[PDB]
Amino acid sequence: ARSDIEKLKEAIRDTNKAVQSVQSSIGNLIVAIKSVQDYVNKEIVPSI
Amino acid sequence: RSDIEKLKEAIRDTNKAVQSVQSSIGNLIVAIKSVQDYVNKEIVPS
Amino acid sequence: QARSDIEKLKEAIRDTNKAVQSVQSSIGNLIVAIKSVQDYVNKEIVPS
Amino acid sequence: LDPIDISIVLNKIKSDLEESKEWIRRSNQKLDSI
Amino acid sequence: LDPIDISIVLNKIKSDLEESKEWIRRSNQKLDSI
Amino acid sequence: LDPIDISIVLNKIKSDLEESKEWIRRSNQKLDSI
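Here it is, written out as C-alpha cells:
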C-alpha cells in the first residue's frame with residue numbers, strides 16, 4: 140500500500156537519524172582520545 | 141506486499157546492527173573512562 | 139510506480155547499510171587507537 | 451601533575467548515544483505499524 | 451605501578467562490532483531477494 | 451621517552467566517518483525522491 144510505503148520511508152528516516160547521532164558520538168570519541176594523547180605528551184612525558 | 145515485507149525485515153536487521161553499534165560505543169566510553177581513572181589513581185600520584 | 143517506490147526504498151536501505159559499515163570500520167580503528175594508548179603506557183610509562 | 455578530566459567529552463558521547471537509542475525506538479515503532 | 455589492562459572492555463567492543471556486521475549481512479541478504 | 455602519536459589511526463577513523471556521512475546523505479536524497 141501507499142501507507143506502508145510511507146511508513147517504511149518514515150522508518151528509514153528515523154534509522155538514518157540514529158546513525159547521524161552515532162556519527163556525532165564517533166566524532167567526540169576521536170576528540171576524547173586525542174585529548175588523552177595531548178595530556179600524555181604535554182604533562183606525563185616531561186615529568187618522567 | 142511480499143516486497144514490502146522483505147523491506148520491513150531488512151530495516152529491522154539494520155536497526156539491530158545499529159543497536160549492536162550503540163553497545164560498542166557504550167563500552168568505548170567505559171574504555172576511555174578506564175584510561176582516565178588509571179592515569180589519575182595510578183600514574184599521577186607518582 | 140509501486141515497484142519504483144519499492145526500488146527507491148531498497149536503495150535507501152542499501153545506502154544506510156553502507157553508512158553503518160563505515161561506522162563499523164571507524165569503531166575497529168578506535169579499538170586500535172585505544173589499545174595503542176594502553177601499549178604505550180605499559181611500555182614507556184610503567185617501566186620508566 | 452594536574453589530573454586529566456575528559457568527563458565533559460564523555461558526557462557529550464553519552465548524550466549522542468541516548469539520542470541514537472530514541473531514533474531507533476522510533477524506527478521500530480513505525481515498522482510495528484506495518 | 452601495576453600496568454593498565456582494558457582487554458576486557460576491548461573484547462566486549464569487538465564482540466558487539468562483529469554482531470553488528472552479521473546483522474548488516476542479513477539486511478543486505480533480505481534486500482537482494484527483492 | 452618518545453611522544454605518543456596516534457595521528458595515523460585517528461586519520462583513518464576520520465576518513466571512515468566522512469564516508470559514513472556521505473552514505474547517509476545519499477540515503478536521505480533517495481527517500482526525498484519517493
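Protein chains in written order, with the authors' numbering: chain C, 140 to 187; chain A, 141 to 186; chain B, 139 to 186; chain N, 451 to 484; chain O, 451 to 484; chain M, 451 to 484.
All residues carry an ideal CB built from backbone N, CA and C; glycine is no exception.
Residue environment for C:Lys181: exposed (fewer than 16 other C-beta atoms within 10 angstroms of its C-beta).
For a Cβ distance threshold of 8 Å, residue set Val459, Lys462, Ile463 and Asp466 of chain O lies close to A:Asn167, ordered along the chain. Per DSSP, reduced to three states, the secondary structure at O:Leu451 is coil, with no helix or strand assignment. DSSP places M:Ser465 in the uninterrupted alpha helix (DSSP H) bounded by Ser457 to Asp482.
With respect to the 7 Å criterion, C:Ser174 and N:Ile463 are not classified as neighbours on the basis of their beta carbons. In the DSSP assignment, C:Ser164 falls within the unbroken alpha helix (DSSP H) covering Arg141 to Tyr178. Close partners of M:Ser483 in chain C (Cβ separation under 9 Å) are lacking, with about 10 Å as the shortest Cβ gap. Shown here, A:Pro185 sits in coil according to DSSP, grouped into three states, outside any helix or strand. Using a Cβ distance threshold of 7 Å, O:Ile458 and B:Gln176 do not count as a contacting pair. A:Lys156 and B:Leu168 have their alpha carbons spaced roughly 21 Å apart. With at least 16 other beta carbons inside 10 angstroms of its own, C:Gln162 counts as buried. Taking one beta carbon from each stretch, the region 142-156 of chain C and the region 144-152 of chain B have 3 or more pairs nearer than 8 Å; the two touch.
Residues of the same chain with a CB within less than 8 Å of the CB of O:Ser465, apart from the 5 flanking positions on each side, do not exist. With its beta carbon less than 7 Å from one in chain O, B:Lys148 belongs to the interface. Separation of O:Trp473 and C:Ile151 (C-alpha to C-alpha, rounded to the nearest whole angstrom) is 16 Å. Nearest C-alpha to O:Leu481 among B:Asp153, B:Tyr178, B:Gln139 and B:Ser186: B:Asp153. The beta carbon of B:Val170 sits no closer than 7 Å to any beta carbon of chain C. Contact annotation, C:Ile187 with M:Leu460: C-beta distance approximately 24 Å; criterion of less than 8 Å not satisfied.
Our two residues, N:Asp452 and N:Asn478, have alpha carbons roughly 46 Å apart in a direct line.
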